[PDB]
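Trainee: Sequence first, structure after, both from an experimental entry:
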Amino acid sequence: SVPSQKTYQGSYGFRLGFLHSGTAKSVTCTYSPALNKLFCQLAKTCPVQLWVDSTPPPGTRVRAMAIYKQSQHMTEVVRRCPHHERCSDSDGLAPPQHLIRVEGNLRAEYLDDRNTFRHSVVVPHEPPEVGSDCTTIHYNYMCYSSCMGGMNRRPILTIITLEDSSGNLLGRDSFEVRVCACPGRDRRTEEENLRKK
Ligand SMILES: [Zn+2]
């Protein structure tokens, strides 16, 4: 009833990486290592790097799923709010209820789990291109953390799982996400709150 969030590099040394985008007021996506928390604007590109020590087999996939971070909300499916699920902003592939989309990957598949009702988006894992040391998935988050009737100010985590062709676990990593109007200011504020604490 609750997806695991335990970090697990597995046999391939799987882990995420994030760009260093800074905290200017204009920044649209920024990652705080101190908080393990991505701050992003609504529906903007969030680059998430996938790092491995060795190449996983053909047919490996990479799944993203959101859960509520607070234990008392963890059994509730994270979904878009009653406004955004009805705003007809379909990309033609993502169901309108799904918070997390993958940008620019026609092989993305969106799952409504028939048992847990949780949403996820999964893409094939690809080896890095020539001259690159990792691959990158571009995610979009389609509601604000503050959306009433949806996340409703509750923090979420994104869990990224590396899976084999059957969906079995090969690796797992995760990060908190805040979807907000001013990620740069919010990252600065939360890092300051962490330093003061
Ligand atoms: Zn919303």
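Mentor: Great, that's in hand. Numbers count the residues shown, from 1 in each chain.

Trainee: and the gap between residue 126 and residue 17?
Mentor: Going from residue 126 to residue 17 by C-beta to C-beta, to the nearest Å gives 16 Å. Every C-beta, even on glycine, is put in place using the N, C-alpha and C of the backbone.

Trainee: Tell me where the longest strand sits in the chain.
Mentor: Scanning the chain for the longest strand, with DSSP state E as the assignment, gives strand 169-179.

Trainee: what sits against the residue nearest to residue 148 when sequence neighbours are not counted?
Mentor: Sequence neighbours aside, residue 81 is the residue nearest to residue 148 in space, at 6.4 Å (criterion: C-beta to C-beta, 6 or more residues apart in numbering). Residue 81 makes contacts with 143, 147, 148, 149, 150, 151, 152, as judged by C-beta atoms under 8 Å, 6 or more residues apart in numbering.

Trainee: Now the buried members of those residues.
Mentor: 143, 147, 150, 151 (16 or more other C-beta atoms under 10 Å).

Trainee: Where does the residue positioned nearest the centre of the chain fall, secondary structure wise?
Mentor: By C-alpha atoms, centre = their mean, the chain has its centre lying nearest to residue 158, at 4.1 Å. Here residue 158 sits within strand 156-163, counting by DSSP states H and E.

Trainee: could you say what helices and strands that strand packs with?
Mentor: strand 46-51, strand 61-68, strand 169-179 (3 or more C-beta pairs under 8 Å, 6 or more residues apart in numbering; DSSP states H and E).

Trainee: Output the buried ones among the contacts of residue 81 as JSON lines; include the columns secondary structure and distance to residue 29.
Mentor: Shown next, in JSON lines, are those (DSSP: H, G, I helix; E, B strand; the rest coil; distance: C-beta to C-beta, whole Å):
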{"residue": "143", "secondary structure": "coil", "distance to residue 29": "15"}
{"residue": "147", "secondary structure": "coil", "distance to residue 29": "18"}
{"residue": "150", "secondary structure": "coil", "distance to residue 29": "20"}
{"residue": "151", "secondary structure": "coil", "distance to residue 29": "17"}
